[PDB]
Amino acid sequence: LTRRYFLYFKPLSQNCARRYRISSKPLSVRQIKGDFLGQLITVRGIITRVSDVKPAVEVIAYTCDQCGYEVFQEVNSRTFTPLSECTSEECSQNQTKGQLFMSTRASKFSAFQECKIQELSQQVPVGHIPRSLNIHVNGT
Amino acid sequence: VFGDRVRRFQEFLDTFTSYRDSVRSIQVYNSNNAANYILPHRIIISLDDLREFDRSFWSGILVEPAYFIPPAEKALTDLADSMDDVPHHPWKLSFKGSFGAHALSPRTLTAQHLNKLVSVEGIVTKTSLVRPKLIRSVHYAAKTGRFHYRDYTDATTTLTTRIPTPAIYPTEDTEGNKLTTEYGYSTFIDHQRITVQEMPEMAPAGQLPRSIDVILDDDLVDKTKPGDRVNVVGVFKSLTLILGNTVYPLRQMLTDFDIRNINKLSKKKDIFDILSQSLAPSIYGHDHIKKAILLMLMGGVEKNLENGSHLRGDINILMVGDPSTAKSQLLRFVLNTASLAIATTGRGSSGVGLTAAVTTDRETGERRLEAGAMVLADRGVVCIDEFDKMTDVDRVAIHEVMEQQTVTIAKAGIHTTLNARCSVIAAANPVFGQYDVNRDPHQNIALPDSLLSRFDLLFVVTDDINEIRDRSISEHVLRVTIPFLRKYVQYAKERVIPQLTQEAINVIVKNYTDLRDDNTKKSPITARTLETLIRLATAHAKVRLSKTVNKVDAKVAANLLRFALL
Amino acid sequence: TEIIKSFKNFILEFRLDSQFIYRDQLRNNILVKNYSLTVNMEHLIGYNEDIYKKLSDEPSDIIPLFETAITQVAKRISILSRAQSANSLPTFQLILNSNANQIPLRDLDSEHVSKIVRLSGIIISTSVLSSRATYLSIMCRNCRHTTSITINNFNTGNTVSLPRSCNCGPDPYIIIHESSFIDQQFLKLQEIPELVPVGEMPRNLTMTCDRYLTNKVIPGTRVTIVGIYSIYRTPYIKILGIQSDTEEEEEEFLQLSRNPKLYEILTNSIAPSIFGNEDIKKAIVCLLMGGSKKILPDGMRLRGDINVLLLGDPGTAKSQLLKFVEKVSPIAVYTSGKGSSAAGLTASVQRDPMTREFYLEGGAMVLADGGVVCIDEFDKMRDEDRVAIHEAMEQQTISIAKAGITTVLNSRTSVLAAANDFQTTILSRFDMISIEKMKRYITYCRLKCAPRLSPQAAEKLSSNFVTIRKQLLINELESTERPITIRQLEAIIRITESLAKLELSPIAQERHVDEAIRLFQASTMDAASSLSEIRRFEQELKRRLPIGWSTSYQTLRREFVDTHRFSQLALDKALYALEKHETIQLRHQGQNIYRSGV
């Protein structure tokens, strides 16, 4: 919530891989095998489809006038539901369950963008077509 | 009941070291690839060593694989742990060989022998999208920095049905703290759902095809594509589907009396004319057209070049003329007398054509495919009547599959190609309704010039009223056999491949250079026609089943050219 | 137990033509693993009177006892056959067919319920191959106890129900599915529509089909079903067996066949109030059987049936003679153009009211196997049925390409249509543009004889063809553009075969061909009543407006209007020829200028 920065990674090259004697190989989209879901991969390809930069929320901030304790919920999927019921630490021990409002300023957003990477022309096999894959980027 | 079966499989593996050295080779290949930094952990078991070694174990595998397959894979995992001595996953099995009565057609596959393993061959119609599934999900607690994990089971991970445990995905901790989804330490196993029906040559053609569904694991997801003949081996489980563990991608009987008859009819030089005249006695005339139809249904050679593209062996025939004759009556004869043939009307296909139909789904995986008509017949013949009514989409499709014999489909999920080495028989009608010699021979077809270049032989049948020739048609229609030419055509297709000689190269070079005359007088001659001028020769040379070609084959091809061009 | 020994003695002791018929059939079915056998009711009534009457009275309690005796002898057959060369045996379902009686659907009453019943009809629907169980392992979720339950012949208040208790409370049971399932079908059957009263539509019946006879019956044929008339009030049929396809009458038919003016009185009898039209009446009465069906040894057989088409103003029995051909003929059903009210001529597909099953609603083109079809209002045809009737009128085969089933079927139908791109299907696909004793003679003639033709009467046909081709060529080279084919000559041959077949003779003479040419001349009189057009069109496009803009249906309307050669049919005919000759410029103009208009 108080993250001023954005954390990102980058892999090692082949020159640092031959030195001291893999993790970063140029992978095709036909060379994905299914079982690489969760490994860091370096894919090479042309980009045909790109989208506009859009703000996607990460955490939804709700404010109340009755208690003052602003709550924050975390979303993970593409969609979500509005938490109209109060889950604060003061409304649990109370008969009243007063209305909550949303804040578009205290909520943390991210510059989300989808892209379609395509398979390289000479890396595709004989007869096959260059199928695509989706890349979801965020931040800077 | 588990210990006795695991010691019997250990004794069978100690007797036969062919699987032990194979799994040691699997492990040393994995170690060499790990040292450089994979194979999908399965060993095919020859069933012929299981019948003579143990009869009861063989019978138990054939009647109860749910109680016989997991102790054998437990023995295989124990052998993989005992054969390896380095530090630090399951292992599966596979079978092959003859099955007897268990090997059957899917149309004859009924409610009997459920639990028993079924070997069934056929043609695949659809191959769904590859979908990953969760069998284990991990999570992290940031309040203390711990890691938690949960496992998932279903009715497709074991042969026996386990007690159903509907494990809810953890959106909360047991203490009540927040948590996140550790994407990456949780394994993913992909599955596929393919459909397979019976082959059109072995099935009693006239009926409906019956298809079945195969659920596929991670290992064998890259070896399936539509349009190929396949043989699957699985278990007919009914929660009705088959749990396919072994896939192998891959007709009149001949006696010794019929081979004497076709060897006796191989050296007489009057065989071709009477064999061309004996195919349809209900149709008067048109001898050279059925001579080309005889050369058409027997085939070519299908030459595959070294390190390059393949060469077309198939021939294509287009037939035009007035609609009074038997062009629509010849398709029924060529459909009922060939080895395998598919006939379509040319207009009325529910998909986008006779290839790459509609794609939609309503089940769990929201992707499904469909097979067309040209992707089913891979070596036979297809017949399209009313060629002028066929739209441009199928015309673009047959422009591409004519001399390349491959079809490429760029869908949202499917980006593969498949073989279409078939021969087309097109029958068309003019747009004016009638045609005579005094009209020009180019605008009467009302087809583009590229389609005239795609089709090899264009046969024009005239029907102007003439009192001399029209006197005997009434008494002829008012007035060698069928099971012999089928055996003749398939024995020529399977045994003899003809090669070229110097006696038949020069005469076809002379004929091609003499016609390249027709360009100034009546018809365009292309480079593709060079190829079609020797295909037919080879044809005639294999009609006589000689090991090489002759000069008379090029002469009868030039005679067929003079009849179909002038 | 005594009935067990009696049925085992009936299986291993019945003799016919000095051989057992059930032992070798059981060995052949066990060797291919079919798990079924064909028994006949006539053999068991000829063998034992203590079996058939008890089977007819109480089949539900004696039939699974016979079934378990069949499995008891099958186990012995399997263990003695497996030991010769190269465990778990299911309950062998028996099928049993007979032809001792054929009761109609209207004779079904409140009596003889749950007894044996055999009747004929037309299967309209085989909807969903559903699943049931035959042996299932059940377990509990509380005290970790499991067991199993078996059923053999009982496949809404019946036999199969889960136990409420084995404390675990109500329903603690879980089905262990992979250690356990059979197929079954729900079918619909209706009575023959040729014999159904005019005041009410034909009723139907529902039936349950099990394991060994699944997917054996295509919907739309003459099917004889034998089973149990049970009650679920509503009746239903449990199928246990399946099969399919007065001397004074023949004396008076032979006396009527000796009359020389028979054709003439037949024609004076088919038209009681129709004034005139003898050539239409003879062509209607000669288009029933068709022609000479000949099975050549090369496999390319010839079609025997023909086509007849009525055309004219409303009235003059265009739909009244069709009722007489619906009630006279062996197999025929009355329908109309684009189907009818809650019925269809072609393959009509609808939705099921229960469980949303996609299934075919009905069809009269499958139900007319081996006869004629008769429709009204030929101008009102849908595009999804026109291609099917377009192929069936010349090839007599109906091909379906659905994802569930892809069946081609022998239609074997002739058409007797009435009416008021359509020009080629009217002028090319059509060749012509007591009562119980008569129907019996028509059926005996359609099954018994296979005629031929003599060359002495065929030379007149050859001379007629030479003269009509030499005479209509004057009208055809004069750019009238209306024809003459060999298909019409083959239809003339089929007409002569039908006319020579009506006197029950295998030979033909000049007596039938002199009436056949007179029948054909009225059709030719009704049918009778490119350089220039392409010079016009092509020169127009080419040298007038290459963009084509400003030159469309207006401008041709002007030129041709001002050249006095335009007929809209002629205009659109030359044009469709140009798009169709793939003038791809004519393609292009059609795409634009056409509904761009000018």
In segment B:456-484, anything in contact with a helix residue (DSSP H, G or I) (Cβ under 7 Å, 6 or more places away or on another chain), within 12 Å of chain C (Cβ to nearest Cβ) and surrounded by 14 or more Cβ atoms within 10 Å (Cβ to Cβ) is listed as B:465, B:470, B:471, B:473, B:474, B:475, B:477, B:478, B:482
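For residue C:106, indicate whether it is within 40 Å of the chain's Cα centre (by Cα), of a type in the set (D, E, K, R) and in a loop (DSSP other than H, G, I, E, B).
Criteria met by residue C:106.
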Of B:156, B:144, B:181, B:161, the only residue that is within 11 Å of another protein chain (Cβ to nearest Cβ) and more than 25 Å from residue B:74 (Cβ to Cβ) is B:181
Every residue in segment B:54-67 that is over 34 Å from the mean Cα position of the chain (by Cα) and under 15 Å from residue B:6 (Cα atoms), please.
B:54, B:56, B:57, B:60, B:67
Since residue B:105 meets every condition but one in (1) hydroxyl-bearing (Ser, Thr, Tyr); (2) under 24 Å from the mean Cα position of the chain (by Cα); (3) within 26 Å of residue B:365 (Cα to Cα), which condition does it not meet?
(3)
Residue B:414 vs. criteria more than 9 Å from chain C (Cβ to nearest Cβ) and under 24 Å from residue C:584 (Cα atoms)
no
Residue check, residue C:527 against (1) crowded, with 18+ Cβ neighbours inside 10 Å; (2) in contact with a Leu (Cβ under 7 Å, 6 or more places away or on another chain); (3) hydrophobic (A, V, I, L, M, F, W, C), all met but one. Which one?
(1)
Of everything in segment C:460-512 that's under 16 Å from residue C:290 (Cβ atoms) and over 30 Å from the mean Cα position of the chain (by Cα), which residue is farthest from the other protein chains (Cβ to nearest Cβ)?
C:512
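Okay, residues lined up against (1) of a type in the set (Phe, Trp, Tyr); (2) surrounded by 12 or more Cβ atoms within 10 Å (Cβ to Cβ); (3) in a loop (DSSP other than H, G, I, E, B):
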{"position": "A:1", "(1), (2), (3)": "no, no, yes"}
{"position": "A:5", "(1), (2), (3)": "yes, no, yes"}
{"position": "A:9", "(1), (2), (3)": "yes, no, yes"}
{"position": "A:20", "(1), (2), (3)": "yes, no, yes"}
{"position": "A:33", "(1), (2), (3)": "no, yes, yes"}
{"position": "A:56", "(1), (2), (3)": "no, yes, no"}
{"position": "A:59", "(1), (2), (3)": "no, yes, no"}
{"position": "A:67", "(1), (2), (3)": "no, yes, yes"}
{"position": "A:76", "(1), (2), (3)": "no, no, yes"}
Count of residues meeting criterion [part of a helix (DSSP H, G or I) and either closer than 17 Å to residue B:563 by Cα or not basic (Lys, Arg) (or both)] in segment B:497-533
18
Which one of C:316, C:413, C:407 is closer than 22 Å to residue C:192 by Cα, surrounded by 14 or more Cβ atoms within 10 Å (Cβ to Cβ) and not aliphatic (A, V, I, L, M)?
C:413
Residue, nearest to the chain's Cα centre (by Cα), within segment C:432-454, restricted to residues that are crowded, with 16+ Cβ neighbours inside 10 Å and within 14 Å of another protein chain (Cβ to nearest Cβ)
C:451
Based on what the data block shows, is residue A:24 assigned to a loop (DSSP other than H, G, I, E, B) and over 23 Å from the mean Cα position of the chain (by Cα)?
no
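State the number of residues belonging to segment A:86-140 that are in a strand (DSSP E or B) and under 25 Å from the mean Cα position of the chain (by Cα).
Summing the residues that are in a strand (DSSP E or B) and under 25 Å from the mean Cα position of the chain (by Cα) in segment A:86-140 gives 23.
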Could you name every one of the strands (runs of 3 or more DSSP E) located completely within segment B:34-149 that has at least 2 residues being of a type in the set (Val, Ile, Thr) and in contact with a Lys or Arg (Cβ under 9 Å, 6 or more places away or on another chain)?
B:42-46, B:117-127
Could you pull out the residue among B:513, B:538 that is away from every other protein chain (no Cβ under 14 Å), surrounded by fewer than 16 Cβ atoms within 10 Å (Cβ to Cβ) and farther than 20 Å from residue B:445 by Cβ?
B:513
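Mind checking which helices (runs of 4 or more DSSP H) fall wholly inside segment C:1-78 and carry at least 2 residues that are among the charged types (D, E, K, R)?
C:2-13, C:23-30, C:49-57
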Out of all the residues in segment C:22-45, which are surrounded by fewer than 17 Cβ atoms within 10 Å (Cβ to Cβ) and of a type in the set (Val, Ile, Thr)?
C:32, C:38, C:45
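On the given criteria, is residue B:217 within 12 Å of another protein chain (Cβ to nearest Cβ), closer than 30 Å to residue B:138 by Cα, touching a strand residue (DSSP E or B) at 6+ places or on another chain (Cβ under 6 Å) and among the acidic types (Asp, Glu)?
Taking the combined requirement at face value, the residue does not satisfy it.
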Counting residues that are within 14 Å of chain B (Cβ to nearest Cβ), in contact with a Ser or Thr (Cβ under 8 Å, 6 or more places away or on another chain) and buried (at least 18 other Cβ atoms within 10 Å of the Cβ), which strands (runs of 3 or more DSSP E) fully inside segment C:159-215 reach at least 2?
C:182-190
Of the criteria (1) within 25 Å of residue B:390 (Cβ to Cβ); (2) buried (at least 16 other Cβ atoms within 10 Å of the Cβ), which one residue C:588 fails:
(2)
Any chance segment C:578-595 includes a residue that's assigned to a loop (DSSP other than H, G, I, E, B), within 14 Å of another protein chain (Cβ to nearest Cβ) and under 21 Å from residue C:479 (Cα atoms)?
yes
Which one of these is under 30 Å from residue C:447 (Cβ atoms), away from chain B (no Cβ under 14 Å) and small (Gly, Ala, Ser): C:364, C:392?
C:364
Of (1) more than 24 Å from residue B:224 (Cα to Cα); (2) surrounded by 15 or more Cβ atoms within 10 Å (Cβ to Cβ), residue B:159 fails just (1)
Of all residues in segment C:142-186, count the ones that are farther than 19 Å from residue C:130 by Cβ and touching a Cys at 6+ places or on another chain (Cβ under 8 Å).
9
Starting from segment C:47-62, take each residue that is surrounded by fewer than 16 Cβ atoms within 10 Å (Cβ to Cβ) and list its partners that are aliphatic (A, V, I, L, M) and outside any helix (DSSP H, G or I), counting only C-beta distances under 6 angstrom and pairs at least six apart or across chains.
C:56/C:116
Quick one: count up the residues across segment C:259-312 that are at negative phi, more than 14 Å from every other protein chain (Cβ to nearest Cβ), loosely packed, with under 13 Cβ neighbours inside 10 Å and not polar (S, T, N, Q).
6
Looking at segment B:435-455 only, could you name the residues that are more than 8 Å from every other protein chain (Cβ to nearest Cβ), out of contact with any strand residue (DSSP E or B) (no Cβ under 8 Å at 6 or more places or on another chain) and either surrounded by fewer than 17 Cβ atoms within 10 Å (Cβ to Cβ) or part of a loop (DSSP other than H, G, I, E, B) (or both)?
B:436, B:437, B:438, B:440, B:442, B:449, B:450
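Counting neighbours? That spans all protein chains shown, and the Cβs are built from the backbone with ideal geometry, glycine included. Rule-based calculations on the coordinates, nothing more; no lab input.
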